[PDB]
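File shown here: my_file37.tsv, holding TSV, C-alpha atoms and all ligand atoms.
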chain	number	residue	atom	x	y	z
A	1	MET	CA	103.65	108.67	82.06
A	2	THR	CA	101.44	108.90	85.16
A	3	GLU	CA	100.35	112.45	86.08
A	4	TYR	CA	99.51	113.34	89.71
A	5	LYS	CA	97.49	116.42	90.66
A	6	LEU	CA	98.83	117.81	93.96
A	7	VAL	CA	97.15	120.66	95.91
A	8	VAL	CA	98.96	122.73	98.58
A	9	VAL	CA	96.40	124.02	101.17
A	10	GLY	CA	96.72	125.87	104.49
A	11	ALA	CA	96.10	129.13	106.34
A	12	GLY	CA	97.44	132.49	105.12
A	13	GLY	CA	101.24	132.93	105.30
A	14	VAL	CA	102.19	129.32	106.27
A	15	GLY	CA	104.50	129.09	103.19
A	16	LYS	CA	102.32	127.25	100.60
A	17	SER	CA	103.88	129.35	97.79
A	18	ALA	CA	107.46	129.21	99.22
A	19	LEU	CA	107.22	125.38	99.49
A	20	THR	CA	106.00	125.03	95.88
A	21	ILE	CA	108.68	127.40	94.45
A	22	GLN	CA	111.39	125.59	96.48
A	23	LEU	CA	110.34	122.31	94.80
A	24	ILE	CA	110.20	123.92	91.29
A	25	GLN	CA	113.09	126.42	91.18
A	26	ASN	CA	115.14	125.13	94.21
A	27	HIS	CA	115.08	128.81	95.31
A	28	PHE	CA	113.59	130.58	98.37
A	29	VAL	CA	111.13	133.27	97.23
A	30	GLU	CA	101.72	131.56	88.82
A	31	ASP	CA	99.50	129.36	91.00
A	32	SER	CA	100.17	126.09	89.11
A	33	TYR	CA	103.48	124.37	88.30
A	34	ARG	CA	104.64	121.19	86.51
A	35	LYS	CA	107.71	119.02	87.17
A	36	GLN	CA	108.64	115.57	85.87
A	37	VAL	CA	110.33	113.42	88.53
A	38	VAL	CA	111.40	109.78	89.08
A	39	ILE	CA	110.03	108.25	92.35
A	40	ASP	CA	110.85	104.56	93.09
A	41	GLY	CA	111.86	103.91	89.43
A	42	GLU	CA	108.61	105.29	88.10
A	43	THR	CA	108.48	108.46	85.98
A	44	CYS	CA	105.61	110.81	86.70
A	45	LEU	CA	104.55	114.37	86.04
A	46	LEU	CA	103.62	116.38	89.14
A	47	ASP	CA	100.95	119.03	88.43
A	48	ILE	CA	100.87	121.28	91.52
A	49	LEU	CA	98.17	123.81	92.49
A	50	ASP	CA	99.02	126.63	94.99
A	51	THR	CA	95.87	127.85	96.79
A	52	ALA	CA	94.77	130.69	99.06
A	53	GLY	CA	93.85	130.32	102.76
A	54	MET	CA	87.26	127.07	92.48
A	55	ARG	CA	87.63	125.55	96.07
A	56	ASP	CA	85.20	122.64	95.65
A	57	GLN	CA	86.56	122.04	92.11
A	58	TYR	CA	90.22	121.76	93.17
A	59	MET	CA	89.26	119.60	96.15
A	60	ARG	CA	87.40	117.30	93.68
A	61	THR	CA	90.25	117.28	91.07
A	62	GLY	CA	93.15	117.05	93.55
A	63	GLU	CA	94.53	113.55	93.98
A	64	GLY	CA	96.67	114.41	97.06
A	65	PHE	CA	96.81	117.35	99.47
A	66	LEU	CA	99.73	118.91	101.34
A	67	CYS	CA	98.04	120.32	104.44
A	68	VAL	CA	100.50	123.00	105.56
A	69	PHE	CA	100.70	124.77	108.92
A	70	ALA	CA	103.53	126.94	110.28
A	71	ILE	CA	105.21	125.70	113.52
A	72	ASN	CA	105.07	129.29	114.90
A	73	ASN	CA	101.32	129.80	114.16
A	74	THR	CA	98.92	127.87	116.44
A	75	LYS	CA	95.82	129.03	114.52
A	76	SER	CA	97.27	127.60	111.27
A	77	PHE	CA	97.74	124.24	113.09
A	78	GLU	CA	94.19	124.25	114.59
A	79	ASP	CA	92.85	125.21	111.10
A	80	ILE	CA	94.12	121.89	109.64
A	81	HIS	CA	90.83	120.39	110.97
A	82	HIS	CA	88.96	122.79	108.63
A	83	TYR	CA	91.03	121.97	105.51
A	84	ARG	CA	90.85	118.19	106.20
A	85	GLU	CA	87.06	118.43	106.77
A	86	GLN	CA	86.32	120.41	103.55
A	87	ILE	CA	88.45	117.98	101.46
A	88	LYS	CA	86.73	114.86	102.94
A	89	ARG	CA	83.26	116.46	102.39
A	90	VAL	CA	83.92	117.22	98.65
A	91	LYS	CA	85.59	113.83	98.03
A	92	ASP	CA	82.87	112.00	100.05
A	93	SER	CA	85.58	109.74	101.51
A	94	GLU	CA	87.29	109.40	104.92
A	95	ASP	CA	90.32	108.17	102.90
A	96	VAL	CA	92.09	110.90	100.85
A	97	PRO	CA	95.88	110.99	100.20
A	98	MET	CA	97.20	113.76	102.50
A	99	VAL	CA	100.47	114.71	104.24
A	100	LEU	CA	100.59	117.05	107.24
A	101	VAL	CA	103.45	119.57	106.74
A	102	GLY	CA	104.80	121.70	109.60
A	103	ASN	CA	106.65	124.50	107.75
A	104	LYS	CA	109.23	127.11	109.07
A	105	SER	CA	111.13	124.39	111.01
A	106	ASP	CA	114.18	126.73	110.75
A	107	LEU	CA	112.46	129.33	113.05
A	108	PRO	CA	113.23	129.58	116.81
A	109	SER	CA	109.74	130.82	117.81
A	110	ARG	CA	108.04	127.33	117.79
A	111	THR	CA	104.47	127.40	119.28
A	112	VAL	CA	103.44	123.90	117.96
A	113	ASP	CA	105.34	120.87	119.40
A	114	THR	CA	106.57	118.22	116.89
A	115	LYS	CA	104.92	115.66	119.28
A	116	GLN	CA	101.50	117.45	119.11
A	117	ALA	CA	101.55	117.42	115.26
A	118	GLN	CA	102.81	113.77	115.13
A	119	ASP	CA	99.92	112.65	117.42
A	120	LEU	CA	97.36	114.57	115.32
A	121	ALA	CA	98.76	113.02	112.10
A	122	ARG	CA	98.51	109.58	113.78
A	123	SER	CA	94.81	110.33	114.62
A	124	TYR	CA	94.23	111.20	110.92
A	125	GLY	CA	96.29	108.18	109.67
A	126	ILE	CA	98.62	110.38	107.53
A	127	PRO	CA	102.38	111.09	107.45
A	128	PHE	CA	103.78	114.15	109.24
A	129	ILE	CA	106.91	115.94	107.92
A	130	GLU	CA	108.51	119.14	109.26
A	131	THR	CA	109.91	121.32	106.47
A	132	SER	CA	111.67	124.60	105.84
A	133	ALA	CA	111.06	126.42	102.48
A	134	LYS	CA	113.90	128.75	103.53
A	135	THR	CA	116.61	126.01	103.79
A	136	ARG	CA	114.82	123.41	101.52
A	137	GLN	CA	114.93	120.90	104.46
A	138	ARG	CA	112.54	117.94	103.68
A	139	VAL	CA	110.66	119.85	100.90
A	140	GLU	CA	111.18	117.07	98.34
A	141	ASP	CA	110.37	114.46	101.05
A	142	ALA	CA	107.00	116.20	101.69
A	143	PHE	CA	105.91	116.25	97.99
A	144	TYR	CA	107.42	112.78	97.21
A	145	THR	CA	105.77	111.25	100.33
A	146	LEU	CA	102.44	112.69	99.07
A	147	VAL	CA	103.02	111.03	95.64
A	148	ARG	CA	103.79	107.73	97.51
A	149	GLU	CA	100.48	108.16	99.47
A	150	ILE	CA	98.56	108.63	96.15
A	151	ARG	CA	100.20	105.49	94.68
A	152	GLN	CA	99.41	103.44	97.81
A	153	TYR	CA	95.77	104.72	97.63
A	154	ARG	CA	95.58	103.75	93.91
A	155	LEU	CA	96.46	100.11	94.86
A	156	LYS	CA	93.37	100.00	97.20
B	1	LIG	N1	96.98	134.04	95.40
B	1	LIG	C1	95.88	133.17	94.95
B	1	LIG	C2	95.45	133.45	93.53
B	1	LIG	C3	94.26	132.63	93.18
B	1	LIG	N2	94.61	131.22	93.19
B	1	LIG	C4	93.45	130.43	92.80
B	1	LIG	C5	93.15	130.71	91.35
B	1	LIG	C6	92.03	129.89	90.78
B	1	LIG	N3	92.16	128.48	91.09
B	1	LIG	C7	91.82	127.49	90.24
B	1	LIG	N4	91.39	126.37	90.81
B	1	LIG	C8	91.01	125.27	90.09
B	1	LIG	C9	90.98	125.31	88.71
B	1	LIG	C10	91.44	126.45	88.12
B	1	LIG	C11	91.83	127.57	88.85
B	1	LIG	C12	92.26	128.65	88.06
B	1	LIG	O1	91.47	129.26	87.36
B	1	LIG	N5	93.57	128.94	87.91
B	1	LIG	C13	93.95	130.06	86.99
B	1	LIG	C14	95.22	129.81	86.25
B	1	LIG	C15	95.64	131.07	85.44
B	1	LIG	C16	95.55	132.39	86.22
B	1	LIG	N6	96.56	132.55	87.26
B	1	LIG	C17	94.25	132.45	86.87
B	1	LIG	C18	94.16	131.25	87.80
B	1	LIG	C19	94.60	128.21	88.67
B	1	LIG	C20	95.36	127.17	87.88
B	1	LIG	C21	94.55	125.89	87.58
B	1	LIG	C22	95.47	124.83	87.05
B	1	LIG	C23	94.76	123.54	86.63
B	1	LIG	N7	94.12	122.85	87.73
B	1	LIG	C24	92.83	122.91	88.02
B	1	LIG	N8	91.96	123.63	87.28
B	1	LIG	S1	90.62	124.01	87.78
B	1	LIG	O2	89.99	122.94	88.52
B	1	LIG	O3	89.82	124.39	86.61
B	1	LIG	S2	92.60	121.92	89.30
B	1	LIG	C25	94.06	121.50	89.49
B	1	LIG	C26	94.58	120.68	90.42
B	1	LIG	CL1	93.63	120.03	91.62
B	1	LIG	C27	95.91	120.39	90.44
B	1	LIG	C28	96.72	120.92	89.49
B	1	LIG	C29	96.15	121.75	88.54
B	1	LIG	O4	96.95	122.28	87.61
B	1	LIG	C30	94.83	122.05	88.54
B	1	LIG	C31	92.58	128.13	92.45
B	1	LIG	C32	93.74	128.97	92.93
B	1	LIG	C33	95.04	130.88	94.53
B	1	LIG	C34	96.26	131.73	94.99
B	2	LIG	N1	111.65	131.45	108.01
B	2	LIG	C1	110.82	131.00	107.06
B	2	LIG	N2	110.01	131.84	106.44
B	2	LIG	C2	109.25	131.22	105.52
B	2	LIG	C3	109.23	129.88	105.23
B	2	LIG	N3	108.30	129.63	104.24
B	2	LIG	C4	107.79	130.79	103.96
B	2	LIG	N4	108.31	131.81	104.72
B	2	LIG	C5	107.90	133.20	104.69
B	2	LIG	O1	106.57	133.27	105.15
B	2	LIG	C6	105.86	134.33	104.47
B	2	LIG	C7	104.64	133.75	103.78
B	2	LIG	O2	105.12	132.83	102.79
B	2	LIG	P1	104.23	132.43	101.53
B	2	LIG	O3	104.99	131.42	100.79
B	2	LIG	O4	103.81	133.64	100.84
B	2	LIG	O5	102.97	131.78	102.23
B	2	LIG	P2	101.52	131.44	101.65
B	2	LIG	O6	100.99	130.43	102.56
B	2	LIG	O7	101.76	131.08	100.25
B	2	LIG	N5	100.68	132.84	101.73
B	2	LIG	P3	99.20	133.13	101.13
B	2	LIG	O8	98.18	132.41	101.79
B	2	LIG	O9	98.92	134.59	101.33
B	2	LIG	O10	99.19	132.88	99.70
B	2	LIG	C8	106.88	134.97	103.54
B	2	LIG	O11	107.48	136.07	104.22
B	2	LIG	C9	107.87	133.83	103.32
B	2	LIG	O12	109.13	134.30	102.94
B	2	LIG	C10	110.10	128.99	105.90
B	2	LIG	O13	110.22	127.78	105.80
B	2	LIG	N6	110.88	129.65	106.84
B	3	CO	CO	115.42	135.52	95.16
B	4	CO	CO	84.52	120.98	111.82
B	5	MG	MG	100.83	132.00	98.48

Can you dump the structure from the file as structure tokens?
Amino acid sequence: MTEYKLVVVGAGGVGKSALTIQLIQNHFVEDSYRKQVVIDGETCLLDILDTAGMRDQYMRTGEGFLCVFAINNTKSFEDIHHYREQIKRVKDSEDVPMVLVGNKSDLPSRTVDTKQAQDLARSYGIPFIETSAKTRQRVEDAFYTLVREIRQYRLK
């Protein structure tokens, strides 16, 4: 049974922990969690690390990264450059499985346009998904897309 190490990264308060607990407990609220899931007929064990805003070690061990910003926090969006740069430096590769996640999609105070984030994700060559840990909207899609990015990378 294939095991995938997933790391959730992003600035303080963007909802890294809320996203992880929504995937695990299906509830809106340890730093590591495990969950066996079936994606495209293949069984796998997701091993998920929740981080703070061991850094080089988790960036080396992580197979895929959820780079999370909050749609109401422009600094958290700008700071994605910093998380993507540190990951690429440690992995010594311009190709690392990553998904850009715009969290708090439920909130009315949006300061980052969906279009702005989509264009950035297109510049990075990674998927972009808007999520809400509060309503569970696209939370599975974000983690499962990341597992699909790791599998596609493993066929390279
Ligand atoms: N509020 C903050 C509290 C502190 N958290 C940090 C706590 C220390 N962190 C660790 N970072 C990496 C390692 C172990 C620990 C680290 O010492 N821990 C300890 C686990 C037990 C206690 N809560 C103390 C933290 C975090 C769990 C490590 C789980 C195994 N692991 C890894 N082990 S590790 O490389 O030896 S890497 C890894 C990856 Cl990339 C994916 C999935 C994984 O399960 C994984 C990073 C997160 C971040 C959130
Ligand atoms: N409205 C809304 N609030 C959310 C959402 N996700 C998280 N929050 C809230 O945002 C705050 C920070 O969430 P948290 O999960 O702790 O974020 P974090 O990125 O893990 N924080 P830290 O870096 O300190 O560990 C909490 O008040 C949490 O309830 C969401 O999708 N929508
Ligand atoms: Co509760
Ligand atoms: Co830089
Ligand atoms: Mg947290």

Would you give me, as a Markdown table, each residue of range 1-70 of chain A having an atom within 6 Å of an atom of range 122-136 of chain A, along with its shortest atom pair and that distance in Å to one decimal, using only C-alpha atoms and sorting by chain and residue number?
| residue | atom | partner | partner_atom | distance |
| --- | --- | --- | --- | --- |
| A:18 | CA | A:133 | CA | 5.6 |
| A:19 | CA | A:133 | CA | 5.0 |
| A:28 | CA | A:134 | CA | 5.5 |

Top pick for closest residue to residue 99 in chain A, considering A:146, A:38, A:49, A:54 and counting only C-alpha atoms: A:146

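Here CA of residue 55 in chain A and CA of residue 87 in chain A stand 9.3 Å from one another.
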
Pick from A:141, A:119, A:78, A:95, whichever lies nearest to ligand CO 4 (chain B) using only C-alpha atoms and all ligand atoms: A:78

List as a PDB file with C-alpha atoms, in the frame of the given file the protein and nucleic acid residues lying within 12 Å of ligand CO 4 (chain B), with only C-alpha atoms and all ligand atoms counted.
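Result file follows (out-v8.pdb):
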ATOM      1  CA  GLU A  78      94.190 124.250 114.590  1.00  0.00           C
ATOM      2  CA  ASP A  79      92.850 125.210 111.100  1.00  0.00           C
ATOM      3  CA  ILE A  80      94.120 121.890 109.640  1.00  0.00           C
ATOM      4  CA  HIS A  81      90.830 120.390 110.970  1.00  0.00           C
ATOM      5  CA  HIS A  82      88.960 122.790 108.630  1.00  0.00           C
ATOM      6  CA  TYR A  83      91.030 121.970 105.510  1.00  0.00           C
ATOM      7  CA  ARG A  84      90.850 118.190 106.200  1.00  0.00           C
ATOM      8  CA  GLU A  85      87.060 118.430 106.770  1.00  0.00           C
ATOM      9  CA  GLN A  86      86.320 120.410 103.550  1.00  0.00           C
ATOM     10  CA  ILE A  87      88.450 117.980 101.460  1.00  0.00           C
ATOM     11  CA  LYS A  88      86.730 114.860 102.940  1.00  0.00           C
ATOM     12  CA  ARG A  89      83.260 116.460 102.390  1.00  0.00           C
TER      13      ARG A  89
END

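Look at residue 98 in chain A: the protein and nucleic acid residues within 6 Å of it, using only C-alpha atoms and passing over chain neighbours fewer than 5 places away, are residues 64, 65 and 66 of chain A.
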
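Nearest-residue note for ligand MG 5 (chain B): choosing from A:50, A:27, A:36, A:57, the minimum distance belongs to A:50, counting all atoms listed in the file.
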
Please find the residues contacting ligand MG 5 (chain B) at a distance of at most 7 Å between atoms, with all atoms listed in the file counted, and report them as a PDB file with C-alpha atoms, in the coordinates of the input.
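Once written, part.pdb looks like this:
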ATOM      1  CA  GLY A  13     101.240 132.930 105.300  1.00  0.00           C
ATOM      2  CA  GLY A  15     104.500 129.090 103.190  1.00  0.00           C
ATOM      3  CA  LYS A  16     102.320 127.250 100.600  1.00  0.00           C
ATOM      4  CA  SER A  17     103.880 129.350  97.790  1.00  0.00           C
ATOM      5  CA  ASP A  50      99.020 126.630  94.990  1.00  0.00           C
ATOM      6  CA  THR A  51      95.870 127.850  96.790  1.00  0.00           C
ATOM      7  CA  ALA A  52      94.770 130.690  99.060  1.00  0.00           C
TER       8      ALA A  52
END

How big is the axis-aligned box around the listed atoms of ligand LIG 1 (chain B) once 8 Å is added on each side, and where is its centre? Give both in Å to one decimal, as JSON.
{"center_x": 93.4, "center_y": 127.0, "center_z": 90.4, "size_x": 23.2, "size_y": 30.0, "size_z": 26.0}

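Distances to ligand LIG 2 (chain B) were evaluated for A:107, A:59, A:90, A:1 using all atoms listed in the file, and the minimum falls at A:107.
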
Exercise: residue 3 in chain A partners within 12 Å, only C-alpha atoms, chain neighbours under 6 positions left out, as a ChimeraX atom specification: /A:34-38,42-48,62-64,147,150-151

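Here atom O4 of ligand LIG 1 (chain B) is placed at a distance of 26.2 Å from CA of residue 121 in chain A.
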
Top pick for closest residue to ligand LIG 2 (chain B), considering A:5, A:104, A:91, A:75 and counting all atoms listed in the file: A:104

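When CA of residue 145 in chain A is paired with CA of residue 39 in chain A, their separation reads 9.5 Å.
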
Surrounding residues of residue 112 in chain A excluding itself and chain neighbours under 4 positions, 12 Å, all atoms listed in the file, as an MDAnalysis selection string: chainID A and resid 69:78 102:105 107:108 116:120 130

Based on the selection just made, write C-alpha atoms of those residues as a short mmCIF file (atom, residue, chain, number, x, y, z; two decimals), keeping the file's coordinate frame.
data_model
loop_
_atom_site.label_atom_id
_atom_site.label_comp_id
_atom_site.auth_asym_id
_atom_site.auth_seq_id
_atom_site.Cartn_x
_atom_site.Cartn_y
_atom_site.Cartn_z
CA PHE A 69 100.70 124.77 108.92
CA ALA A 70 103.53 126.94 110.28
CA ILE A 71 105.21 125.70 113.52
CA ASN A 72 105.07 129.29 114.90
CA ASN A 73 101.32 129.80 114.16
CA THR A 74 98.92 127.87 116.44
CA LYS A 75 95.82 129.03 114.52
CA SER A 76 97.27 127.60 111.27
CA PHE A 77 97.74 124.24 113.09
CA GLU A 78 94.19 124.25 114.59
CA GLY A 102 104.80 121.70 109.60
CA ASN A 103 106.65 124.50 107.75
CA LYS A 104 109.23 127.11 109.07
CA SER A 105 111.13 124.39 111.01
CA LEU A 107 112.46 129.33 113.05
CA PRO A 108 113.23 129.58 116.81
CA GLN A 116 101.50 117.45 119.11
CA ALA A 117 101.55 117.42 115.26
CA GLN A 118 102.81 113.77 115.13
CA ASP A 119 99.92 112.65 117.42
CA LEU A 120 97.36 114.57 115.32
CA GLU A 130 108.51 119.14 109.26
#

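Shortest atom-to-atom contact with ligand LIG 2 (chain B) among A:137, A:32, A:93, A:26: A:137, counting only C-alpha atoms and all ligand atoms.
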
Kindly reconstruct range 125-141 of chain A with N, CA, C and O atoms and present the result as a PDB file, in the frame of the given file.
ATOM      1  N   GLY A 125      95.720 109.296 110.450  1.00  0.00           N
ATOM      2  CA  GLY A 125      96.290 108.180 109.670  1.00  0.00           C
ATOM      3  C   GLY A 125      97.084 108.670 108.478  1.00  0.00           C
ATOM      4  O   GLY A 125      97.015 108.023 107.400  1.00  0.00           O
ATOM      5  N   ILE A 126      97.814 109.779 108.629  1.00  0.00           N
ATOM      6  CA  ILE A 126      98.620 110.380 107.530  1.00  0.00           C
ATOM      7  C   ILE A 126     100.036 110.661 108.011  1.00  0.00           C
ATOM      8  O   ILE A 126     100.269 110.862 109.198  1.00  0.00           O
ATOM      9  N   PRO A 127     101.024 110.701 107.085  1.00  0.00           N
ATOM     10  CA  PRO A 127     102.380 111.090 107.450  1.00  0.00           C
ATOM     11  C   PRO A 127     102.447 112.539 107.925  1.00  0.00           C
ATOM     12  O   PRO A 127     101.630 113.404 107.508  1.00  0.00           O
ATOM     13  N   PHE A 128     103.429 112.794 108.781  1.00  0.00           N
ATOM     14  CA  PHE A 128     103.780 114.150 109.240  1.00  0.00           C
ATOM     15  C   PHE A 128     105.250 114.385 108.927  1.00  0.00           C
ATOM     16  O   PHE A 128     106.090 113.511 109.248  1.00  0.00           O
ATOM     17  N   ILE A 129     105.531 115.518 108.303  1.00  0.00           N
ATOM     18  CA  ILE A 129     106.910 115.940 107.920  1.00  0.00           C
ATOM     19  C   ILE A 129     107.087 117.407 108.308  1.00  0.00           C
ATOM     20  O   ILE A 129     106.197 118.213 108.014  1.00  0.00           O
ATOM     21  N   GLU A 130     108.203 117.731 108.958  1.00  0.00           N
ATOM     22  CA  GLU A 130     108.510 119.140 109.260  1.00  0.00           C
ATOM     23  C   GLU A 130     109.444 119.622 108.152  1.00  0.00           C
ATOM     24  O   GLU A 130     110.387 118.913 107.832  1.00  0.00           O
ATOM     25  N   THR A 131     109.159 120.795 107.622  1.00  0.00           N
ATOM     26  CA  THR A 131     109.910 121.320 106.470  1.00  0.00           C
ATOM     27  C   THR A 131     110.354 122.749 106.708  1.00  0.00           C
ATOM     28  O   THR A 131     109.893 123.376 107.618  1.00  0.00           O
ATOM     29  N   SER A 132     111.287 123.182 105.881  1.00  0.00           N
ATOM     30  CA  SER A 132     111.670 124.600 105.840  1.00  0.00           C
ATOM     31  C   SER A 132     111.838 125.001 104.365  1.00  0.00           C
ATOM     32  O   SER A 132     112.728 124.456 103.760  1.00  0.00           O
ATOM     33  N   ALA A 133     110.948 125.847 103.842  1.00  0.00           N
ATOM     34  CA  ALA A 133     111.060 126.420 102.480  1.00  0.00           C
ATOM     35  C   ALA A 133     112.314 127.292 102.407  1.00  0.00           C
ATOM     36  O   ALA A 133     112.926 127.363 101.331  1.00  0.00           O
ATOM     37  N   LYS A 134     112.714 127.866 103.529  1.00  0.00           N
ATOM     38  CA  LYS A 134     113.900 128.750 103.530  1.00  0.00           C
ATOM     39  C   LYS A 134     115.186 127.958 103.301  1.00  0.00           C
ATOM     40  O   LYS A 134     115.979 128.399 102.507  1.00  0.00           O
ATOM     41  N   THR A 135     115.363 126.802 103.912  1.00  0.00           N
ATOM     42  CA  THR A 135     116.610 126.010 103.790  1.00  0.00           C
ATOM     43  C   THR A 135     116.451 124.805 102.860  1.00  0.00           C
ATOM     44  O   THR A 135     117.461 124.156 102.627  1.00  0.00           O
ATOM     45  N   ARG A 136     115.219 124.535 102.418  1.00  0.00           N
ATOM     46  CA  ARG A 136     114.820 123.410 101.520  1.00  0.00           C
ATOM     47  C   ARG A 136     114.806 122.072 102.272  1.00  0.00           C
ATOM     48  O   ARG A 136     114.611 121.047 101.622  1.00  0.00           O
ATOM     49  N   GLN A 137     114.934 122.107 103.593  1.00  0.00           N
ATOM     50  CA  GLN A 137     114.930 120.900 104.460  1.00  0.00           C
ATOM     51  C   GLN A 137     113.603 120.131 104.340  1.00  0.00           C
ATOM     52  O   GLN A 137     112.582 120.719 104.633  1.00  0.00           O
ATOM     53  N   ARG A 138     113.663 118.909 103.816  1.00  0.00           N
ATOM     54  CA  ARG A 138     112.540 117.940 103.680  1.00  0.00           C
ATOM     55  C   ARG A 138     111.441 118.413 102.723  1.00  0.00           C
ATOM     56  O   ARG A 138     110.410 117.826 102.753  1.00  0.00           O
ATOM     57  N   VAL A 139     111.705 119.371 101.847  1.00  0.00           N
ATOM     58  CA  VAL A 139     110.660 119.850 100.900  1.00  0.00           C
ATOM     59  C   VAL A 139     110.377 118.743  99.889  1.00  0.00           C
ATOM     60  O   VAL A 139     109.245 118.433  99.659  1.00  0.00           O
ATOM     61  N   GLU A 140     111.409 118.178  99.294  1.00  0.00           N
ATOM     62  CA  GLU A 140     111.180 117.070  98.340  1.00  0.00           C
ATOM     63  C   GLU A 140     110.494 115.897  99.050  1.00  0.00           C
ATOM     64  O   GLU A 140     109.567 115.352  98.490  1.00  0.00           O
ATOM     65  N   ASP A 141     110.949 115.570 100.255  1.00  0.00           N
ATOM     66  CA  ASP A 141     110.370 114.460 101.050  1.00  0.00           C
ATOM     67  C   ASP A 141     108.865 114.670 101.239  1.00  0.00           C
ATOM     68  O   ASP A 141     108.140 113.716 101.119  1.00  0.00           O
TER      69      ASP A 141
END
